[PDB]
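S.K.: this one's sequence-less:
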Ligand SMILES: OC[C@H]1O[C@@H](O)[C@H](O)[C@@H](O)[C@@H]1O
Ligand SMILES: OC[C@H]1O[C@@H](O)[C@H](O)[C@@H](O)[C@@H]1O
Ligand SMILES: OC[C@H]1O[C@@H](O)[C@H](O)[C@@H](O)[C@@H]1O
């Protein structure tokens, strides 16, 4: 069991870790659109989707892996009208074989975020 | 690592796989009430719930397993006033030992779906 | 594979088990704020958060583990204004290394619960 932590990803203040590695499996925390250096949400849905992917990418790298190792991705959106935009931006972060995934429209997200995503990595 | 694809489940169009098998653990994508041949949602809640289970069943069979191997299932409903019905129909697809599960009321689901479910299977 | 059942956790009514242990990994069902003895929800947000943690703890103990073995926790709240209180109460139930977690605002929860949480445990 390993705590995965990178200062390239937003600081984890509170009782949780950016990710926990257990055996070959890395359980990554939900990432919201926080700019790590300012700890404020970036403005705009495309920038927020992109920031969540950058944050998850930073954690995956700290775990000695990459998006190629992601087996499952959960997508949480306050507005599913933006789901096609998530699909589009993913083309810039993923390629075959793609992760399994779930996507739901939620009522609200921490800090007023429009998008949050978590994932499971298998090294 | 292995990509799981059932030609009986709805086609995965876009950046995801129906399921990803990593060792003995199969991470299955969320399934919505899509009729695989028409790629349109079936009508009415009972039909939708049933279609989701049928879709997950196809993916489970493609993974070389069955509902008996599912260890966790997530239920996403736009209206929990439909929970009695998900429970009833679920009882008809699973038997002891029953899987672990979570259930939440969401604001919305892809394509205006009334229900979405994902699962984890262990061979 | 093993069914985990704690008689200190709310009875599982329906087609589910409180938790399933497969190998070294335990997949735990979402717990809501039910008082196991009355099957009624405890009242007040702090009590509800505490009861869900107590319910997961009971289930974790029956799986041969504890909160130290939790690698991922999912928090579902109908009102995220209650997130700070979840954080505070959670700090009393966990110690470093802390688990990974996700937290979302949902439209509704079973039985009118204000909070629900599920978790994954990896036993040594
Ligand atoms: O507000 C920051 C929060 O964002 C969530 O996505 C993180 O995963 C939580 O653990 C954290 O408390
Ligand atoms: O609209 C179809 C969508 O439904 C979800 O349940 C699938 O698993 C997603 O990967 C897919 O994009
Ligand atoms: O009302 C109790 C319900 O609470 C959920 O969080 C459990 O995980 C469900 O399986 C159960 O039906």
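M.R.: Received, thanks. Numbering: from 1, shown residues only, chains lettered A, B, ... in the order given. Ligands and ions are numbered 1, 2, ... in the order given.
S.K.: which parts of chain A sit against chain B?
M.R.: Applying CB under 8 Å from any CB of the partner chain, we find that chain A lies next to chain B at A:24-25, A:71-73, A:78, A:80, A:83, A:87, A:90-91, A:94, A:96-107, A:120, A:122. C-beta here means a position set from N, CA and C on the backbone, and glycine is covered the same way.
S.K.: residue of chain A nearest ligand 3, please.
M.R.: Of chain A, the residue with the smallest distance to ligand 3, taken as CB to the nearest ligand atom, is residue A:104 at 15.8 Å.
S.K.: which SSE is that residue in?
M.R.: Using DSSP states H and E, residue A:104 falls within strand A:100-105.
S.K.: for ligand 2, tell me whether that strand is touching it.
M.R.: Yes: between strand A:100-105 and ligand 2, judged by CB under 6 Å from any ligand atom, the touching residues are A:101, A:103.
S.K.: so is the helix or strand encompassing residue A:116 next to chain C?
M.R.: Counting by DSSP H and E, the element that carries residue A:116 is strand A:115-122. Yes: interface with chain C: strand A:115-122 contributes A:116, A:118 (CB under 8 Å from any CB).
S.K.: packing partners for that strand?
M.R.: Using 3 or more CB pairs under 8 Å, 6 or more residues apart in numbering or on different chains; DSSP states H and E as the contact test, the elements touching strand A:115-122 are strand A:25-31, helix A:45-62, strand A:70-77, strand C:100-105.
S.K.: quick check: the gap between the closest residue to residue A:50 other than its chain neighbours and residue C:9.
M.R.: Excluding its sequence neighbours, the residue lying closest to residue A:50 (CB to CB, 6 or more residues apart in numbering or on different chains) is residue A:89, at 6.0 Å. Applying CB to CB, to the nearest Å, the value for residue A:89 to residue C:9 is 41 Å.
S.K.: looks like the residue of chain A closest to ligand 3 contacts residue B:117 (just checking).
M.R.: No: distance between residue A:104 and residue B:117: 10.7 Å, which falls outside the contact criterion (CB atoms under 8 Å).
S.K.: joint contacts of those two?
M.R.: The contact sets of residue A:104 and residue B:117 overlap at B:30, B:76 (CB atoms under 8 Å, 6 or more residues apart in numbering or on different chains).
S.K.: re earlier: need the helices and strands packed on strand A:115-122 in TSV (columns: mean neighbour count).
M.R.: Supplementary listing: those in TSV, determined by neighbours: other CB atoms under 10 Å in any protein chain shown:
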stretch	mean neighbour count
strand A:25-31	26
helix A:45-62	20
strand A:70-77	25
strand C:100-105	25
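S.K.: could you give the bridge partners of residue A:104?
M.R.: For residue A:104, the beta-bridge partners are residue A:76 (DSSP bridges).
S.K.: now do the contacts for it.
M.R.: Residue A:104 sits in contact with A:75-77, B:30, B:76, B:106, B:108-109, B:116, where contact means CB under 8 Å, 6+ apart.
S.K.: can we see that at 7 Å?
M.R.: Contacts were defined as CB atoms under 7 Å, 6 or more residues apart in numbering or on different chains; by that measure residue A:104 touches A:76, B:76, B:106, B:109, B:116.
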